[PDB]
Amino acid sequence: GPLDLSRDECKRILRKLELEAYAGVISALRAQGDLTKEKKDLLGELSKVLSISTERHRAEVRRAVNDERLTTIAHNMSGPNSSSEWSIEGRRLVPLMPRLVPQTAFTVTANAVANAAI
């Protein structure tokens, strides 16, 4: 029957409910406008209670920031400047570098030595 769920299946469903719950709040808040201290604190408590990691949190923020529909709603609800704080909240590690150009094609080159004591 539908209610005959194994302990493991229950854990999987719960985890899915927790992720969907967090994602849903992120979407709603993003649609209201930019992130605020009040909302950041609320999300911190929510991620704690729903066991959402810091990086899963940042990924969800990026998802919402990248959503044009939510962005458009935010612009209509609270005007421009609706993503500056979200953009920082969803910060990520990225390879950052200037495009290659001769004047910047840089490297340190050395003549390798021997070993031990010399």
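From 1 onward, residues are counted along the sequence shown.
*Asks:* Compare the mean C-alpha B-factor of 100-108 with that of 17-25 as given in the PDB entry, and name the stretch with the higher value.
*Replies:* Per the PDB entry, the higher value belongs to 100-108.
*Asks:* Quick check on the record: does 62-70 or 81-89 carry the larger mean Cα temperature factor?
*Replies:* Stretch with the higher mean C-alpha B-factor: 81-89.
*Asks:* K48's Cα B-factor: lowest, middle or highest third of the chain?
*Replies:* Within its chain, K48 is a middle-third residue by C-alpha B-factor, going by the deposited values.
*Asks:* Using the temperature factors of the C-alpha atoms in this entry, rank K40 within its chain: lowest, middle or highest third.
*Replies:* It belongs to the middle third of the chain when residues are ordered by C-alpha B-factor.
*Asks:* By its CA B factor, does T54 count among the lowest, middle or highest third of the modelled residues in the chain?
*Replies:* Within its chain, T54 is a middle-third residue by C-alpha B-factor, going by the deposited values.
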